[PDB]
Amino acid sequence: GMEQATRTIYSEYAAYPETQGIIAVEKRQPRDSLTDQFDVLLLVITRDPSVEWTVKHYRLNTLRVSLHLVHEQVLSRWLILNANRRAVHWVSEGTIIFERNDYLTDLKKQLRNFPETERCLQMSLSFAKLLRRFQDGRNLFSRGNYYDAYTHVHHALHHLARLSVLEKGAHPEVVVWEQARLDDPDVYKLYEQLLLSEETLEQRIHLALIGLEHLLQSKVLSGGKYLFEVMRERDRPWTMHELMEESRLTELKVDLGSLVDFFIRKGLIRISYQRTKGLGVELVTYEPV
Amino acid sequence: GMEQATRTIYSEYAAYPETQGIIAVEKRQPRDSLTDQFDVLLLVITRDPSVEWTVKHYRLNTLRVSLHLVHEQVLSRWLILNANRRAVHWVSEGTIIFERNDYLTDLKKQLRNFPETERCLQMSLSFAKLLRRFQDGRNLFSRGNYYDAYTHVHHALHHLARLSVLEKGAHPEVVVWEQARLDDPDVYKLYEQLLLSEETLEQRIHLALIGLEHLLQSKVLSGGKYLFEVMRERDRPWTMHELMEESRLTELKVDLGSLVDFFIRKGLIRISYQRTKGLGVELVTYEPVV
Ligand SMILES: [Cl-]
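Chains A and B are the protein sequences, given in the same order. Going by my numbering, 34 is the number at position 51 of the first sequence; the sequence numbering is gapless. In short: position in the second sequence from 1, add 1358, done, that's my numbering.
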């Protein structure tokens, strides 16, 4: 079908030992972004060391084919972080054209599951974004910059919506407000009010910031769980550099500092100071409470 | 000063030959985000090959010090892309504690300039995101998902304000709507209409999409200029793979497919097909028009 139709394109890839799998996805309608506005999209997953992610475009007779070539480690990370909703669809709905080591058979199976570790990491990442948007919106609002405050407050609600979906054990999709209308009615209502309430712009932002601050408190443990679990893997305090250098925390580096600060203030993390023997300098240390 | 007060901390860094500069920034207020809620932030720029970007936290006597260790190429990129507003602030307002090869003195000067190539790249990146948010917004509206469409429409408008600011030759800031109030009143007014709208949710979104589609077409050349210039560096069409592999387009890889699709529909890029001799396969090829 698609296997026959694209054989002259994909066969060379199948032949290269590093290829782990080939999936084909047929357009759903014309101008499908799913298939790059082409007729068929081929996803070739490889261990080729020279590859991260690239794209090739072909036409075979009348069939226009877009080929996405992606390292197995790139795709894995996208999946783990839920950073590519298209890729998820490709794998789950796509047709297996070729595989080694049952790579795609197993991948489809794994996609029906949401490992806790992945979910919790994703919650920390969302929480971190919510916290930053909230803070910026708050600060901007204080300074009477209402149009710019509205922007951050708005983005904050969106991350909160996403977090609320994660909290209920589901992956956030592009249609998140519909997800959260049930997964979390309180969050939905805040958004509805910011958008449609009869109040003034200044008042709408104020009211949104109050609701946000409150929900932000409510969800602190959700935002921190992954971090705390990593930190407890050792029976003693961490230096900031140690946290920053920890592989399990690599995706959080950008936000670690702000998160740790917030968690200290909430009494979830303990800050101390350890002076080096023979020296004057102290290292700031952090420990989960 | 800060030099004297942090000497015990930074000295070992100044000694490492790969270190290009050390900047000190003092807190402006308590719990200053600028300095990581510490008293002094030290920024160490280094060519240490093991370094991308990392942070260390110290207390020296009573003084709490955050140390940001960043590779020169990581910083450069941040500055090229305008991806880190704090860093711009650090380098520009910061006190030079140490440097090699006038690295920091020159950097401070360079920061007063907005190179054309960097501006144009930023404009393509902004335009790329505007285009994607607009498309999602339109799609979600078509499907009756209004709360979600609003989300994308709003984001698209935010990208449009940033683009409009770049167009006038300035770096977008955190207070972009303020900047846009004068840099592009038409964009500002479209946003204002959306916020202060008394229409139905559906209607206000629909009106915002109309306005967006218009302004998008209007700024098409701002968005495509960097891409077109790179493309015209050769006198024949490009395959998609060739475009994807071109180093100058690295930052645009994620959006190149959509940008190209868009530019084809606006008549700025020409799509053709070249069949490989002896084979049935054709490579799709792209060329800027005019
Ligand atoms: Cl001892």
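For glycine and all other residues, C-beta sits at the position ideal for the given N, C-alpha and C.
In this structure, the beta-carbon distance from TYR(-4) (chain A) to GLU1640 (chain B) does not fall below 8 Å. Secondary structure at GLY1581 (chain B): helix, using DSSP grouped into helix, strand and coil. Put simply, the CB of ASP167 (chain A) is far from chain B, with every gap to its CB atoms at 8 Å or more. If you keep only unbroken alpha helix (DSSP H) runs of at least 4 residues inside the segment 146 to 218 of chain A, you get 159 to 166, 168 to 179, 184 to 201, 203 to 214. Bridge partners of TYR269 (chain A) according to DSSP: A:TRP221, A:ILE254. In the three-state DSSP reduction, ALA7 (chain A) falls in the strand class (E or B).
DSSP lists A:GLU265, B:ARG1422 as the beta-bridge partner residues of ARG1417 (chain B). Distance from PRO271 (chain A) to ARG215 (chain A) at the Cβ level is roughly 6 Å; contact confirmed, criterion being Cβ atoms closer than 8 Å. Pairing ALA139 (chain A) with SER241 (chain A) gives a Cβ-Cβ distance that is not under 8 Å.
When Cβ-Cβ separations below 8 Å define contact, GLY(-16) (chain A) makes no contact with chain B.
Annotation note: the segment 47 to 83 of chain A contains the following uninterrupted beta strand (DSSP E) runs of length 3 or greater, listed N- to C-terminal: 78 to 82.
Bounds of any beta strand (DSSP E) do not take in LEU90 (chain A); it lies within the alpha helix (DSSP H) bounded by 86 to 93. When distances are taken from the beta-carbon of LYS260 (chain A) to the heavy atoms of ligand 1, the shortest one is below 7 Å. Here the alpha carbons of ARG1405 (chain B) and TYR1374 (chain B) stand approximately 10 Å from one another. No residue range can be given for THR259 (chain A), since it is assigned to no beta strand (DSSP E) and is classified by DSSP as neither H nor E. Under the DSSP assignment, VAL1402 (chain B) falls outside any alpha helix (DSSP H), being part of the beta strand (DSSP E) whose first and last residues are 1398 to 1404.
Residue pairing of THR2 (chain A) in beta bridges, as defined by DSSP: A:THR29. By the C-beta density criterion, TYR1505 (chain B) is buried, having at least 16 other C-beta atoms within 10 angstroms. Straight across, the Cα-Cα distance linking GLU1451 (chain B) with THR1393 (chain B) is about 12 Å. Under DSSP, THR1412 (chain B) takes part in a beta bridge, and its partners are B:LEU1427. Distance from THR268 (chain A) to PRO220 (chain A) at the Cβ level is roughly 4 Å; contact confirmed, criterion being Cβ atoms closer than 8 Å.
The three-state secondary structure of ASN1503 (chain B), taken from DSSP, is coil. In chain order, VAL1511, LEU1552 place their CB closer than 6 Å to the CB of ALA1566 (chain B), counting only its own chain and leaving out the 5 sequence neighbours on each side. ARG248 (chain A) carries a helical assignment under DSSP once its states are collapsed to helix, strand and coil.
For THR100 (chain A), the secondary structure class from DSSP, reduced to helix, strand or coil, is helix. Boundaries of the alpha helix (DSSP H) harbouring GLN(-13) (chain A): -15 to -12, taken from the DSSP string. Rounded to whole angstroms, the separation of the alpha carbons of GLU150 (chain A) and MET106 (chain A) is 7 Å.
Counting every other CB atom within 10 Å of its CB across the protein chains shown gives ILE1367 (chain B) a total of 16 or more, marking it as buried. Beyond the five residues adjoining it in sequence on each side, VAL71 (chain A) comes within less than 6 Å, by CB distance, of no other residue in the same chain. Proximity of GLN1468 (chain B) to chain A, defined by a Cβ-Cβ separation below 8 Å, is not satisfied. Considering only beta carbons, the part of the segment 1406 to 1421 of chain B lying closer than 8 Å to chain A consists of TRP1411, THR1412, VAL1413, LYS1414, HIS1415, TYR1416, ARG1417, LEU1418, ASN1419, in chain order.
Note on geometry: alpha-carbon atoms of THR1597 (chain B) and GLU1474 (chain B) lie some 27 Å from one another.
Contact note: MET1598 (chain B) reaches chain A through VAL38, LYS39, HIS40, using a C-beta cutoff of 7 Å and chain order. For the segment 1561 to 1576 of chain B, the set of residues with a beta-carbon nearer than 7 Å to any beta-carbon of chain A is empty.
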